[PDB]
Amino acid sequence: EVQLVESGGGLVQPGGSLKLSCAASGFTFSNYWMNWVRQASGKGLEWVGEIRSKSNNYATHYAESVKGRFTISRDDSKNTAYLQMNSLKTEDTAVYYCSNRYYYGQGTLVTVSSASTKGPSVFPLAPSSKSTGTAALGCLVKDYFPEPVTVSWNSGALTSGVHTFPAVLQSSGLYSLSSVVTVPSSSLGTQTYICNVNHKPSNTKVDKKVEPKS
Amino acid sequence: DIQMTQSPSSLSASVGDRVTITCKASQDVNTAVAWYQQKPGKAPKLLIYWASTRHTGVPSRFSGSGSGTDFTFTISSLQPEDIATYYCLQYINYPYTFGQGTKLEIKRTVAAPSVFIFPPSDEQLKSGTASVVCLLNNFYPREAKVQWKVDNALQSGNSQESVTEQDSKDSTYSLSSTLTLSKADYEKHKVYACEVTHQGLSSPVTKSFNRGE
């Protein structure tokens with residue numbers, strides 16, 4: 001019933017700026033102190049800062065690492081909190097979370113790079129001709145920047161046996177990612193298997209049917 | 001700046017074990033300490049605040065205690081879905097500080113991988129590159145050796161692996177290995193093999209295909 005929806009994350013030049021937002025519902029917004037926490041890839045939670053209620057004069061406190069550059073604000077009428085980021089550095093690259101101290105949003109990724117946006121190619125990992133019966137099939141989402149891509153199977157109706165591997169940074173500085181699902185071997189003629197790939201940064205949406213190869 | 005140092009950094013424990021994590025604050029922080037679970041790919045979840053208050057809807061099997069500098073996070077009976085990194089935070093003074101976090105992994109019985117090989121698609125060969133994929137599915141423990149051979153030649157430096165986090169139900173790992181070749185190099189060779197060494201296999205398992213059959 002408590003919801004926190006971050007938005008405004010994406011790719012940005014070093015030295016540049018970006019404004020994050022946090023659409024809150026299911027709690028009397030004005031009484032709560034909103035916080036930003038961030039997480040670099042495979043690393044710790046870092047506190048960014050906190051804005052207090054109107055009755056506290058909307059007082060703001062910041063982590064040493066971001067003080068001067070970041071600005072938290074709120075809009076109690078729109079039930080929204082903000083993080084304005086200036087003089088962004090590569091070190092600031094992370095998933096940024098919005099908290100009312102009790103709940104976190106799903107998060108939004110800020111990448112600070114001079115590297116260009118690039119849309120992925122989606123290739124089938126086709127199941128083989130074999131009797132043993134569990135069968136494995138998948139999608140290779142190849143050559144994208146920046147993170148992230150999402151993968152679902154059959155519009156989210158197929159979730160059991162699904163492994164979506166972490167992206168690997170390739171030698172070229174582009175990401176690649178695999179999603180696989182084990183299914184009953186006897187379904188390979190009759191059940192359609194579609195992987196739905198989205199790469200929002202590049203505006204790429206693909207539905208790839210994975211079937212046995214002729 | 002109040003330090004929070006958690007003990008230990010990582011912990012392996014069996015399903016049903018009592019698990020205990022400690023967090024040491026470099027100054028008195030009274031009961032102004034929270035505990036956080038972060039499952040893989042998910043947002044932090046608040047479990048405990050005011051050192052010992054359970055946040056609503058959180059399972060009773062999670063508990064916190066402490067006062068002053070020394071604080072404890074307990075799981076009474078470790079469940080398979082409790083695979084996560086656990087965080088202590090101090091909220092007495094600005095700036096609020098997290099501990100480095102404790103990565104909780106589950107010990108279980110050995111499970112041998114299922115191994116599958118995937119040829120590159122015709123669609124990708126149009127691009128001038130060939131990606132061959134080896135899937136090691138639902139194995140334990142994590143340690144796994146993948147070797148690529150192309151017409152008997154061990155391939156080294158032209159592959160990359162990715163391991164999922166421990167499954168929330170069966171506590172298994174999965175691994176995918178991708179071998180990237182030029183189309184030209186791919187079209188010059190016949191036999192494509194990945195060989196998988198793992199504790200749960202009596203000897204190495206090989207899956208292969210011949211380009212075109």
# chains A, B, ... in the order shown; residues from 1 in each chain; ligands from 1
$ residues_around --residues "range 187-204 of chain A" --least-positions-apart "2" --cutoff "8 Å" --atoms "only C-alpha atoms" --output "short mmCIF file (atom, residue, chain, number, x, y, z; two decimals) with C-alpha atoms, in the first residue's frame"
data_model
loop_
_atom_site.label_atom_id
_atom_site.label_comp_id
_atom_site.auth_asym_id
_atom_site.auth_seq_id
_atom_site.Cartn_x
_atom_site.Cartn_y
_atom_site.Cartn_z
CA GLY A 10 19.93 7.66 -16.98
CA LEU A 11 23.21 8.34 -18.83
CA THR A 117 24.04 5.01 -25.69
CA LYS A 118 23.76 1.77 -27.75
CA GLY A 119 20.74 -0.54 -28.24
CA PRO A 120 21.20 -4.34 -27.89
CA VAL A 122 18.57 -10.06 -29.21
CA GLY A 138 17.12 -18.50 -23.74
CA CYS A 139 17.97 -15.10 -25.19
CA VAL A 141 20.92 -9.63 -25.19
CA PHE A 145 25.23 0.60 -23.03
CA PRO A 146 24.37 1.69 -20.46
CA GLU A 147 22.68 -0.69 -17.97
CA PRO A 148 20.06 -1.85 -17.45
CA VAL A 149 18.03 -4.24 -19.68
CA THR A 150 14.98 -6.09 -18.22
CA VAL A 151 13.96 -9.60 -19.46
CA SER A 152 10.58 -11.35 -18.90
CA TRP A 153 9.32 -14.55 -20.61
CA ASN A 154 5.81 -14.71 -22.21
CA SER A 155 4.91 -11.22 -20.79
CA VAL A 183 10.93 -26.25 -19.54
CA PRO A 184 9.40 -29.75 -20.07
CA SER A 185 10.90 -31.27 -23.32
CA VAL A 206 12.19 -6.64 -28.61
CA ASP A 207 9.98 -9.78 -28.39
CA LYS A 208 12.19 -12.76 -29.49
CA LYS A 209 10.46 -16.13 -30.13
CA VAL A 210 12.97 -18.89 -29.15
CA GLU A 211 12.14 -22.27 -30.85
CA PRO A 212 13.98 -25.45 -31.90
#
$ select_by_dssp --residues "range 10-157 of chain B" --states "strand (DSSP E)" --output "VMD selection string"
chain B and resid 10 to 14 19 to 25 33 to 38 45 to 49 53 to 54 62 to 67 70 to 75 84 to 90 97 to 98 102 to 107 114 to 118 129 to 139 145 to 150 153 to 155
$ closest_atom_pairs --of "chain A" --to "chain B" --cutoff "8 Å" --atoms "only C-alpha atoms" --output "tab-separated table"
residue	atom	partner	partner_atom	distance
A:44	CA	B:100	CA	5.8
A:45	CA	B:98	CA	6.5
A:46	CA	B:98	CA	6.6
A:47	CA	B:96	CA	6.4
A:49	CA	B:95	CA	7.8
A:61	CA	B:94	CA	6.8
A:62	CA	B:95	CA	6.7
A:63	CA	B:95	CA	5.7
A:64	CA	B:95	CA	7.7
A:97	CA	B:43	CA	7.7
A:102	CA	B:46	CA	6.1
A:103	CA	B:45	CA	6.6
A:104	CA	B:43	CA	6.1
A:105	CA	B:43	CA	6.6
A:106	CA	B:43	CA	5.4
A:107	CA	B:43	CA	6.8
A:123	CA	B:121	CA	6.4
A:124	CA	B:121	CA	6.5
A:125	CA	B:118	CA	5.8
A:126	CA	B:118	CA	6.7
A:127	CA	B:118	CA	7.6
A:128	CA	B:118	CA	7.9
A:136	CA	B:116	CA	7.0
A:163	CA	B:164	CA	7.3
A:164	CA	B:164	CA	7.4
A:165	CA	B:164	CA	5.4
A:166	CA	B:162	CA	6.1
A:167	CA	B:162	CA	7.4
A:168	CA	B:162	CA	6.8
A:170	CA	B:160	CA	8.0
A:178	CA	B:176	CA	7.6
$ write_last_selection --atoms "C-alpha atoms" --output "mmCIF file, in the first residue's frame"
data_model
loop_
_atom_site.group_PDB
_atom_site.id
_atom_site.type_symbol
_atom_site.label_atom_id
_atom_site.label_comp_id
_atom_site.auth_asym_id
_atom_site.auth_seq_id
_atom_site.Cartn_x
_atom_site.Cartn_y
_atom_site.Cartn_z
ATOM 1 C CA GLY A 44 27.618 -1.176 -0.034
ATOM 2 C CA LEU A 45 24.583 1.022 0.696
ATOM 3 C CA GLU A 46 25.661 4.710 0.961
ATOM 4 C CA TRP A 47 23.401 7.362 2.606
ATOM 5 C CA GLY A 49 20.868 12.808 2.572
ATOM 6 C CA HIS A 61 21.560 17.022 5.712
ATOM 7 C CA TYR A 62 24.065 15.461 3.198
ATOM 8 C CA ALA A 63 26.840 12.803 3.171
ATOM 9 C CA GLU A 64 30.374 14.358 2.986
ATOM 10 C CA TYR A 97 16.911 4.802 -3.752
ATOM 11 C CA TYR A 102 10.509 2.760 6.567
ATOM 12 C CA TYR A 103 10.271 1.714 2.835
ATOM 13 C CA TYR A 104 12.520 1.975 -0.242
ATOM 14 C CA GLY A 105 11.468 2.399 -3.889
ATOM 15 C CA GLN A 106 12.622 -0.088 -6.575
ATOM 16 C CA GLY A 107 15.563 2.311 -7.388
ATOM 17 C CA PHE A 123 19.639 -13.619 -30.350
ATOM 18 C CA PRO A 124 17.874 -16.947 -29.537
ATOM 19 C CA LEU A 125 19.539 -19.683 -27.440
ATOM 20 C CA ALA A 126 17.635 -22.462 -29.299
ATOM 21 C CA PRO A 127 16.804 -25.723 -27.474
ATOM 22 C CA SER A 128 18.562 -28.835 -28.991
ATOM 23 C CA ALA A 136 16.910 -25.295 -21.762
ATOM 24 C CA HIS A 163 17.601 -17.562 -14.635
ATOM 25 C CA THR A 164 18.531 -14.014 -15.747
ATOM 26 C CA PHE A 165 22.340 -13.770 -15.384
ATOM 27 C CA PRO A 166 24.031 -10.513 -14.355
ATOM 28 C CA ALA A 167 25.292 -8.365 -17.300
ATOM 29 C CA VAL A 168 29.013 -8.830 -18.119
ATOM 30 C CA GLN A 170 32.750 -6.980 -22.482
ATOM 31 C CA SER A 178 21.743 -14.003 -21.027
#
$ atom_distance --atom1 "CA of residue 33 in chain B" --atom2 "CA of residue 50 in chain B"
5.7 Å
$ residues_around --residues "residue 78 in chain B" --least-positions-apart "2" --cutoff "8 Å" --atoms "only C-alpha atoms" --output "PyMOL selection string"
chain B and resi 13-19+75-76+80+82
$ write_last_selection --atoms "N, CA, C and O atoms" --output "CSV table (one decimal), in the first residue's frame"
chain,number,residue,atom,x,y,z
B,13,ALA,N,25.9,-20.8,6.4
B,13,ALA,CA,25.0,-21.4,7.5
B,13,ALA,C,24.0,-22.3,6.8
B,13,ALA,O,23.6,-22.1,5.7
B,14,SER,N,23.6,-23.4,7.5
B,14,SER,CA,22.6,-24.4,6.9
B,14,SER,C,21.2,-23.9,7.2
B,14,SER,O,21.0,-23.2,8.2
B,15,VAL,N,20.3,-24.3,6.3
B,15,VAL,CA,18.8,-24.1,6.6
B,15,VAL,C,18.5,-24.5,8.0
B,15,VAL,O,18.7,-25.7,8.3
B,16,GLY,N,17.8,-23.7,8.8
B,16,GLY,CA,17.4,-24.0,10.2
B,16,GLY,C,18.3,-23.6,11.2
B,16,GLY,O,17.9,-23.5,12.4
B,17,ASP,N,19.6,-23.3,10.9
B,17,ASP,CA,20.6,-22.8,11.9
B,17,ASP,C,20.1,-21.4,12.4
B,17,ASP,O,19.3,-20.7,11.7
B,18,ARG,N,20.4,-21.2,13.7
B,18,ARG,CA,20.4,-19.9,14.3
B,18,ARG,C,21.6,-19.1,13.7
B,18,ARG,O,22.7,-19.6,13.8
B,19,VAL,N,21.3,-18.0,13.1
B,19,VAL,CA,22.4,-17.1,12.5
B,19,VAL,C,22.4,-15.8,13.4
B,19,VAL,O,21.3,-15.3,13.8
B,75,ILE,N,18.7,-14.2,13.2
B,75,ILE,CA,17.7,-15.1,12.5
B,75,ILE,C,17.7,-16.4,13.3
B,75,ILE,O,18.7,-17.1,13.5
B,76,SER,N,16.5,-16.7,13.9
B,76,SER,CA,16.3,-17.8,14.8
B,76,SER,C,16.4,-19.2,14.1
B,76,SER,O,17.0,-20.1,14.6
B,80,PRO,N,15.4,-20.7,3.4
B,80,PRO,CA,16.1,-20.6,2.1
B,80,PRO,C,16.0,-19.2,1.5
B,80,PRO,O,16.9,-18.7,0.8
B,82,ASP,N,16.1,-16.4,2.9
B,82,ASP,CA,16.9,-15.3,3.7
B,82,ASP,C,18.3,-15.1,3.1
B,82,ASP,O,19.0,-14.3,3.8
